[PDB]
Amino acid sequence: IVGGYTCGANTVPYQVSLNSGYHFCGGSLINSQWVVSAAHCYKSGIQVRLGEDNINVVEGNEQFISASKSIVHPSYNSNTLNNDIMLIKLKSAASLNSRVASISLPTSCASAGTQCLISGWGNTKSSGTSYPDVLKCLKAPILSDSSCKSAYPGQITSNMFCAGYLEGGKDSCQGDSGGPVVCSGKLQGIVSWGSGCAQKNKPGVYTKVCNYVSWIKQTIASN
């Protein structure tokens, strides 16, 4: 997160860290046994880390649970990032509490101009790199279709939306990838892609979760 703020310990209790020996992506806890992340975050050997603030220090509210299964969206295209969503099933149920909590799935898609919360442990610089220890947050509005498509001509599908600031300096970035965009208390976006980070006229692009809730519900009902 570039240009954001320190969230505050466990104030984003659905935020997870995905760890394969190191933090590599975020995710969102949607019930005690399932995480939503980005398909481009796929890899083997994932451990889900819940209840984190400083990812490099055991502070006492963590739960570390290995993934039993990862399920990439059947129509994910890594070239276009169309359908950039994955489900991760935990080997055991998380114990839900004030600091580890699920976020609701949408029943309606979010509106342009809605102010959302984006969070993660990704890069905090727009050029170069600096990776934080504690969770960072950004408030950002959903942009119009017109602005999103003009920013990224021929690349925005109906399964994507833009959020952030066309003027630059405030965005998500690699390492936030796979993490939440929460709007009105629902998981509406997944950190997916963009050109650099926090560049003028190149806002963040987010997987449009509301398009996937049928697939999510059916998949978790059978796995």
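Heads up: residue numbers just count along the shown sequence, starting at 1.
When 14 to 22 is weighed against 195 to 203, 195 to 203 comes out higher, by mean CA B-factor as recorded in the entry. On average the C-alpha atoms of 123 to 131 have higher B-factors than those of the other stretch, with 123 to 131 and 136 to 144 being the two compared. Of the candidates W34, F161, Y165, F64, the PDB record gives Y165 the highest C-alpha temperature factor.
When the C-alpha B-factors of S111, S102, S78, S75 are ranked from the entry, the top spot goes to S111. Ranked by C-alpha B-factor against the other modelled residues of its chain, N54 falls in the middle third. Among the modelled residues of the chain, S68 sits in the highest third by CA temperature factor in this PDB entry. For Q155, the recorded CA B-factor ranks within the highest third of the chain. Only modelled residues enter the ranking. Looking at the C-alpha B-factors along this chain, the one for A9 belongs to the highest third. When the modelled residues of the chain are ordered by C-alpha B-factor, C173 sits in the highest third.
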